[PDB]
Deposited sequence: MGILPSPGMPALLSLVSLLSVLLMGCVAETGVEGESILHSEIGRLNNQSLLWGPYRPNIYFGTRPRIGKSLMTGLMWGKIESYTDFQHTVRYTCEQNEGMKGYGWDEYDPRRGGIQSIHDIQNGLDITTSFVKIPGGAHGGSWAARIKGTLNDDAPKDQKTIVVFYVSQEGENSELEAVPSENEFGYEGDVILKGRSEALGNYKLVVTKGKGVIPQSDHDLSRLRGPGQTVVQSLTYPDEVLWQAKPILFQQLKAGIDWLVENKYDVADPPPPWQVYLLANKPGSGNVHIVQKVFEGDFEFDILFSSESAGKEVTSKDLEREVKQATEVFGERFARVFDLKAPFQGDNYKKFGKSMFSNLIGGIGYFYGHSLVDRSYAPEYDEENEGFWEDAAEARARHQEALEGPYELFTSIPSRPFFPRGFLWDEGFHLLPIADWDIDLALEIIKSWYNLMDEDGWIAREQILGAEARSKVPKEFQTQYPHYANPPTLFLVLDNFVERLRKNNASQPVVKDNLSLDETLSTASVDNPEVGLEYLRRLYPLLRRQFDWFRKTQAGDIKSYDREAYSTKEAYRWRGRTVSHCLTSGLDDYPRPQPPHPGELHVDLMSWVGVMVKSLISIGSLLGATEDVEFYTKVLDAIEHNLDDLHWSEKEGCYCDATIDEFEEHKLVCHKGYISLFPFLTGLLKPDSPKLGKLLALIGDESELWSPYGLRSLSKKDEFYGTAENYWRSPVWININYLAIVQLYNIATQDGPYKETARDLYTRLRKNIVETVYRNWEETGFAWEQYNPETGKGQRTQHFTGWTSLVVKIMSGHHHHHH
């Protein structure tokens, strides 16, 4: 309980709003949040198009991301904005102390790029909001008439945070001055604050709230005879009238000519002395040193990636992955009808289930909270179930206590039946990034249980103060077991939930096999898709059919039983461990009996035919290697070796750039949206690389073959991601097997980042 409270205290504050360029919030649903906004202003209508706040990716932004980050300490973020001619640094640092989760500081630095006019006007805004019934926040008024010559001090109080002061410093930088008649009523130009109150649930809507104030300002100009005959400068037209006070929103605005910097100092009163700029500098410096030392220890790049170029690459892939960590809070949209159509028991079941959806029974439920890393800051800044399985493997290396926090956070969402929604859209803010048609979660929709992989890694570590806290759950085996003891019931619940809801039909067709129980079929499939599997458009038996069996799903169950055995063993759940052992046995046999093709030489999904007999439907690709990817095969398996032939074969899956999702020989190669139908995906490649390495480092028939493919596949995967990073600055969602080019979505960190773990090795 001691270590648990120390983690709470340590992880409370962070820049946990990955959906915006820069902002802070604690791991409290209703509390204090900050956000940064900037935009050049050249005209009377331009700011609304230039201003930046939520993350996007267009021709306007060269790139951005974290150059170093640890959620316990802070980090530095770099933003390269073409539209606004600015290179921005956002440095954030945490100062432990008091009872309330410590303090923190940020420095915003903006440098004009060579293209920007030397005399650019740039509007910067710091937006602060506080939710809660019994909380207060006040801007201390200034001496001077029209705004601030110096720092803005906000004093606030809340049950969650105690007393605090949030200071936005005067800054370095030329501040432009107006000789217009308006300066008599608005001042010649200075820092300003507007204190406002709105009903709590709209506070997150910083852009509209801001724009509403600017609009009222411009309206006031027009009411008071300032016109096109003789107008003030644009930048003065968009400077807000100063009106500090109290409210649950505080708009702090500055305008700069040329380069600029300013600081935010959040001072927890319950702590010792208040935070200073000089403080922020020291801690920024200190954090970097610590980051540096830990990176070289945890991510020791092995040949041929020992070079500094690869080190910068790793540091970028790592910092963006871990930097995506967010805290989200609010209601989810869930259909709790449990319509019978979602049982998908009929032929044509996809029209049945569409009819139930068209009943629109869903409603908001919760609130819920989640602490999680995300795949994509610009496009999907939210938790995806099987994604997090992958995100946490490098994170777990860095800070196992951290990863366990995230696992806990995920498992806390599980409902009474055993279900966790595979996509976590929590609260109005999260919903703003998502069409309503795609918000609704479905209690019958699974997602690969990849979080079990991280537990598997923790379990091997457990067998064999920011320093202490990162590893406290492995260094103190009592602590480690107590975690598993508490988690175990939930793991088991989820296992049962898969077998209850994702069951395949053996007994009701002409199907002979060693076990009558073991067969699985992903609920949720449409004619062309099966989103729940993770592999959107990978070809599946056509037409979809309740007699389908999916070899990937079965292998995922295998992944879970094996973990339940390890974790059960460790807690001594003897009754349980024996159930597992009979299940793992049956899956082993059943994988072969239901999914093995001796003709094709790989594992296939199955359906039942027109004549009601079990057919194999083989599509040589990731799906076909699943038992191997998930480590279910014995190292001397004849089948394994046949699969090694497939993996290595250039005319099938082996591209210079990684394993192709689908074989070049399959009819569905590069068809339709071509999502999982040729491209190279780093997450599944990572599984292939890990499993090759296992075979390569053991006595057995395939040792040297596995070793060769490990060597080359590692090389191809790392190089492809790195060349693309070098050329484009980005991690990509997937990679083109013909050109090697990164495609689909940028800023995918995201499981692409597994590249730092591939390079560093000693699995």
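Residues of the deposited sequence lacking C-alpha coordinates, numbered from 1, fall in the stretches 1 to 39, 504 to 516, 816 to 819.
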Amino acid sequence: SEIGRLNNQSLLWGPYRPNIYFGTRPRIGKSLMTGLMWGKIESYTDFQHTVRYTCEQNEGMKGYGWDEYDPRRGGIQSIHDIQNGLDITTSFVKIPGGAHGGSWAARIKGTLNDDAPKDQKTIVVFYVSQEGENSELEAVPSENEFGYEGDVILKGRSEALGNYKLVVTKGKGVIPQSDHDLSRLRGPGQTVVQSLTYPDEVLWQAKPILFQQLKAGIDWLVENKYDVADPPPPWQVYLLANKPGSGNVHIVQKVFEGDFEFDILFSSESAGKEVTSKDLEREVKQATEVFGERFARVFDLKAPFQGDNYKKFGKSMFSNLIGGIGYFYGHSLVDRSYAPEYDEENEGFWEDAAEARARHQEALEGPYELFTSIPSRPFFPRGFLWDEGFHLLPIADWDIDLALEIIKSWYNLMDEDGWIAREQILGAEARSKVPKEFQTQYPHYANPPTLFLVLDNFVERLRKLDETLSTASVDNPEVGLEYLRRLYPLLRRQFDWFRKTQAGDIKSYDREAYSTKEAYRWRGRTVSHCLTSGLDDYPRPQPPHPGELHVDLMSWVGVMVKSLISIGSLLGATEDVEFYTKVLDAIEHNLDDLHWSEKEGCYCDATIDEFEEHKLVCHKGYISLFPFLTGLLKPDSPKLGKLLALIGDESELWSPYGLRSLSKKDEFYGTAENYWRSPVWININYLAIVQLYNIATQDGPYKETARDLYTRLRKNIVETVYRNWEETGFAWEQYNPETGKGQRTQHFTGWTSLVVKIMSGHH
From here on, numbers count along this sequence of modelled residues.
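For the pair 287 to 295 and 167 to 175, the mean Cα B-factor is higher in 287 to 295. Looking at mean Cα B-factors across 636 to 644 and 319 to 327, the upper value is held by 636 to 644. In this entry, the residue among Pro477, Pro448, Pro443, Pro367 with the greatest C-alpha B factor is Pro477. Between the residues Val192, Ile608, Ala430, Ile684, it is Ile608 that shows the highest Cα B-factor in the PDB record. For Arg336, the recorded CA B-factor ranks within the lowest third of the chain. Only modelled residues enter the ranking.
Looking at the C-alpha B-factors along this chain, the one for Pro378 belongs to the lowest third. For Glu704, the recorded CA B-factor ranks within the highest third of the chain. Only modelled residues enter the ranking. Split the chain's modelled residues into thirds by C-alpha temperature factor. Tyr580 is in the highest one. In this PDB entry, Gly63 carries a Cα temperature factor that places it within the middle third of its chain's modelled residues.
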